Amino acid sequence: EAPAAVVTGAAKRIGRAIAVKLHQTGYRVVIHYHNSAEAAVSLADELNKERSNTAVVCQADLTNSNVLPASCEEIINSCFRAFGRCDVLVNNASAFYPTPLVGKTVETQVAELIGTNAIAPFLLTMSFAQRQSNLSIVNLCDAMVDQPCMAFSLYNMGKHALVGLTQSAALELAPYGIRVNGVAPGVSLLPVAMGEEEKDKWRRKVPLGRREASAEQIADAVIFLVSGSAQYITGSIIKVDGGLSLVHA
């Protein structure tokens, strides 16, 4: 029987690439999304046309709040409801925008940037474990955490807390046979808002090929970590960055 995976923020870009690759490997998938309903449903439709009844969507805001635990509980419940099991969780959804130190309130920015990057992964990890073979969680981290974007303090804090979660959860869940790992892109799909000149500035920094990672290349590392070829790997974060993090200023 086929295993099942939850991928958060899976309607487009890297999340979709991960969902597609998991599906192609034989997984049934929960495509979680927040605002991108049309894109989520379109993806699910495509996957179901490939194999009937192997993809569902699940909407949730992952901003921190007093109901976020219930929302995260429900995302995991959706996978059991659809598929009768949940073997893999991929924590991909992520808010990403500057929060300079010197029209959202700061409370809102904290809730979105720390909620999506750290607290939702933590809650989803609790629910995934409590509901529980090759079980694992993969956290989408960031290879540039130690050389961060200027004025992205809250985003950086969130990704650092996600490294902490990866370690803490690997240590604590190892007795239950749940592995917990991360994949840390350097530059992959650039933001849709970014102009080509700015994109090329980033591309030219990358030693290996002077180009960003494809979404599929990030997905490849995720697929590795969930596979039987990684059955002794837990608490590891695989950088997928073409050498970018090695390049001094």
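Between two forms, the rigid core is defined as the largest C-alpha subset superposing within 1.5 Å. In this text, residue numbers run from 1 along the sequence as written.
Root mean square Cα distance to the shown form, taken over structures and residues in 9 other deposited structures of this protein after a core fit, is higher for 192-200 when 205-213 and 192-200 are compared. Missing deposited residues between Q132 and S133: 4 to 9, all without coordinates in the entry. The segment from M150 to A151 is modelled without interruption, since every residue of the deposited sequence in that interval carries coordinates. Relative to one another, 205-213 and 46-54 have unequal mean CA B-factors, and 46-54 is the one with the higher figure. Legend: mean Cα B-factor per stretch from the PDB entry, 187-195 versus 27-35; the higher mean is in 187-195.
Among all modelled residues in its chain, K21 ranks in the highest third by Cα B-factor. Placement of the Cα temperature factor of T99 within the chain: highest third of the modelled residues, per the deposited record. In the PDB entry, a CA B factor belonging to the lowest third of its chain's modelled residues is recorded for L140.
Compared with the other modelled residues of the chain, the Cα B-factor recorded for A11 ranks in the highest third. For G84, the recorded CA B-factor ranks within the lowest third of the chain. Only modelled residues enter the ranking.
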